[PDB]
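Heads up: the structure comes next, in structure tokens.
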Amino acid sequence: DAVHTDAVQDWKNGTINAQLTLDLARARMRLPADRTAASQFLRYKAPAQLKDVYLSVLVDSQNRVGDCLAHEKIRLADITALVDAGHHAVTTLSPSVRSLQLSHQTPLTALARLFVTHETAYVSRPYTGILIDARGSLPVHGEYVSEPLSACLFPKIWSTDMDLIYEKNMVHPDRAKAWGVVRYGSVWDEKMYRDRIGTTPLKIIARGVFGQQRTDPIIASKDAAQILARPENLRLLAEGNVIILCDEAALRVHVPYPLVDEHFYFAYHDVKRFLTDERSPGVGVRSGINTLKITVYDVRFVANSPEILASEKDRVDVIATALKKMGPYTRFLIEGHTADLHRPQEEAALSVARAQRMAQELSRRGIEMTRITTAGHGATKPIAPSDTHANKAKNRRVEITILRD
Ligand SMILES: [Cl-]
Ligand SMILES: [Cl-]
Ligand SMILES: [Cl-]
Ligand SMILES: [Cl-]
Ligand SMILES: [Cl-]
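Shown next as structure tokens:
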């Protein structure tokens, strides 16, 4: 609490960077008398905070390292092996007075190599590499929205026919461990990336993106065909001669406050298994880097509705239980939406009413109202056209964001 962590996932340079700062004034310490005790205390605090940063790294289209831990795909000791900062000094280079700082960097390949377990790779013009331009907003496969690509340790490349073109297991494992399956780049670097993709790369535009976490570029079949056409080009996949260009927001992911530990990921795993077992219709869950969002589709009730249907009583029961599984030290943002009724005034009020009713229903199930904030967005944030019943039902929803408090 006297110790604060700032951290950035630098996908462009392939490193996770952290700065841990000790506020001496807050910790009741003074320089130079307490330099050693203060420095040792910062070194004492650093391992757990660094561990939490590393859990936040996106591994693939669905999971972060913390999720993989929860699924027992990796061991906590493999992560803590990476948080030794004894090669770094405790300095006064902090921008704040009466502060000490400890900086630590870990290559992203150190995390990636924990997931490389395969033995051998599985398997026009000749090219020296593959350059995917995945900048901008990309249509999301299987959805109506368009979103930018997120970087991760193990992206996949799909064709528009959803043939799998590139995957971790296609890479020689030694090479996967040495320099990952891709490098992410910026158009502003004005680099050839000759090291990665040589002088004559195959330049390809991303036509879409796949994944819960929007990680997998989708490329035109004609472009996929070029890759698969020659041994020379197929060897590019085996060697990992692949660059993905993306936007700057994706290239530097700032790790938000506060940091969540392994227990957040364990609790989310429980929530997911719970919802999967309850099979509550039209309830989905997704995580951000330190939030969870439960989305309840086809919510029709409002603040002035009669006592809600039995079937809805059961669903809100399931939601309430799921929310509670994330523990007592959270708060909730409940946001209502409507389908496009061509009635903006009504949509505005209705979306607020929907969120209000959800909040009231949850507070009769043990979630104190002081923990809840409500908002309504009318039809202004659609996730589908409002043409069919099914698509209108998708828009008509309440999103519950679980936040640290
Ligand atoms: Cl001081
Ligand atoms: Cl030192
Ligand atoms: Cl996915
Ligand atoms: Cl509606
Ligand atoms: Cl209106």
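When the letters of the sequence shown are read in order and numbered with the UniProt record's numbering, they come out as residues 63 to 185, 195 to 476.
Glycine included, every Cβ here is placed at the ideal spot set by N, Cα and C.
Counting along the chain, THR366 sits inside no alpha helix (DSSP H); it lies in the beta strand (DSSP E) bounded by residues 363-368. For the options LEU308, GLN284, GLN283, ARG285, the alpha carbon positioned closest to that of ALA295 is the one of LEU308.
The straight-line gap separating the alpha-carbon atoms of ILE454 and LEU86 is approximately 48 Å. Not a single heavy atom of ligand 5 lies less than 6 Å from the C-beta of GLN431. Put simply, the residues with a CB less than 7 Å from any heavy atom of ligand 5 are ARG414, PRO415, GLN416, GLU417, in chain order. For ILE314 and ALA321, the gap between their C-alpha atoms comes out near 14 Å. For ligand 3, no non-hydrogen atom lies closer than 6 Å to the CB of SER221. Bridge pairing for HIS325: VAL70 [DSSP]. Taking the Cα positions, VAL389 is about 9 Å away from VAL354. Rounded to whole angstroms, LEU305 and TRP250 show a C-alpha spacing of 18 Å. Here DSSP, grouped into helix, strand and coil, assigns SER165 to strand. Nearest Cα to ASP204 within the set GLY256, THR231, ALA172: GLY256. Within the DSSP secondary-structure output, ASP287 pairs in a beta bridge with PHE281.
The C-beta distance from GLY447 to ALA419 rounds to 7 Å, short enough to fall under 8 Å. Ligand 3 approaches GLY282 closely enough that one of its heavy atoms is under 6 Å from the residue's Cβ. The Cβ-Cβ distance between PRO244 and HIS150 does not fall below 7 Å. Remark: the C-beta of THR451 is outside contact range of ligand 4, defined as less than 6 Å to any heavy atom. In this structure, the beta-carbon distance from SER217 to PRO226 does not fall below 7 Å. Counted as a single uninterrupted DSSP element, the stretch harbouring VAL178 is not any alpha helix (DSSP H), since DSSP gives it neither H nor E.
Distances from the CA of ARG475 to each of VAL185, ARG265, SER358, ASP411 were compared; the closest alpha carbon is that of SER358.
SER358 has its Cβ no nearer than 6 Å to any heavy atom of ligand 3.
For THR445, the three-state secondary structure derived from DSSP is strand. The segment 90-149 contains, as complete alpha helix (DSSP H) runs of 4+ residues, the segments 97-117, 127-132, 138-142 (chain order). With a 10 Å radius around the Cβ and a threshold of 16 neighbouring Cβ atoms, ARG126 comes out buried. Distances between the C-beta of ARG92 and the heavy atoms of ligand 1 include at least one below 6 Å. By DSSP's assignment, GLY355 forms a beta bridge with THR366.
Within the DSSP secondary-structure output, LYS274 pairs in a beta bridge with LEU202.
Distances between the C-beta of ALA424 and the heavy atoms of ligand 4 are all 6 Å or more. Counting along the chain, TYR184 sits inside no beta strand (DSSP E), nor does DSSP assign it H or E at all. Counting only runs of at least 3 residues, the segment 219-254 fully encloses the following beta strand (DSSP E) elements, listed from N- to C-terminal order: 228-230, 235-237. When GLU378, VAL152, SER376, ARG350 are compared, the shortest CA-CA separation from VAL367 is found for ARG350. For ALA100, the shortest separation between its Cβ and any heavy atom of ligand 2 does not lie below 6 Å. The C-beta of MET241 has 16 or more other C-beta atoms within 10 Å across all chains shown, which makes the residue buried. Secondary structure of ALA381 (DSSP, three-state): helix. Taking the Cβ of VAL211 as the reference point, every heavy atom of ligand 2 lies at 6 Å or farther away. Put simply, of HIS325, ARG468, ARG442 the residue whose alpha carbon is nearest the alpha carbon of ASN79 is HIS325.
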